[PDB]
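Next up: just one chain, as structure tokens, the form deposited in one PDB entry.
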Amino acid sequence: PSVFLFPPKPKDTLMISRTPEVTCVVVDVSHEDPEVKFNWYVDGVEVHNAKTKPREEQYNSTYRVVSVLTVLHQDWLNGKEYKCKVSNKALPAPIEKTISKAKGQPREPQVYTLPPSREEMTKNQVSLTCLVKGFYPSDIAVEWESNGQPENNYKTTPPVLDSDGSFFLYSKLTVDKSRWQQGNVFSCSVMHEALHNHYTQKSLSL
């Protein structure tokens, strides 16, 4: 049997209305021995509020057992270590994993918006670009909106490591050319821990 431990979703850690969680995933749990016991530590201190998700039976005659611990936003942001100890008969010894926020001094994303190329104006849909650079760490959420409402049709690159040790990405929003020509304002909104108040939004229009 084998153990993986996953951090919270970056957006979950920055929203007042979301509750972030750390997840401990146990694979290769034998049919003969299903009882997995989890112990959870916040900075080496046991906590008790985890909940075991219902087993999933993998099709190589083994179970997957998952344990989810809700965490406090500031706890995660403050860089506390979460430890998952996994006990089970089919293991000779308990397996222990630990996770925390990426280490390194935070760096503020610069956010710039770039209008479509003139050459793209040959097409029926055009690309609005948002460049997000100089950020650390890579936990970030990017969205587009207009007139108060989310835009459906955008895609964001993964963070890419720049040569100064910070990250950058681009977000591309696609819109009907006529919406761009009519003067509509589009906005790129970025959430990141090292932004002031963890949020910024940048707008563009013709």
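Throughout, rigid core stands for the largest set of C-alpha atoms superposing within 1.5 Å between the two forms. The first residue of the shown sequence is 1; numbering continues from there.
A summary of the deposited B-factors shows that, of 27-35 and 152-160, the stretch with the larger mean C-alpha value is 27-35. The PDB entry records a higher mean C-alpha B factor for 89-97 than for its counterpart among 103-111 and 89-97. Looking at 145, 139, 176, 43, the one whose CA carries the top B-factor in the deposited record is 43. Residue-level temperature factors show residue 47 in the highest third of its chain, judged at the C-alpha atom. For residue 59, the recorded CA B-factor ranks within the highest third of the chain. Only modelled residues enter the ranking. Ranked by Cα temperature factor within the chain, residue 80 sits in the highest third according to the deposited record.
The form deposited in another entry exists for this protein as well; it is not shown, and the discussion that follows is about that form.
Comparing the two forms between this form and the one not shown on the rigid core, the single residue of 78, 117, 87, 98 with a CA shift of 2 Å or greater is 117.
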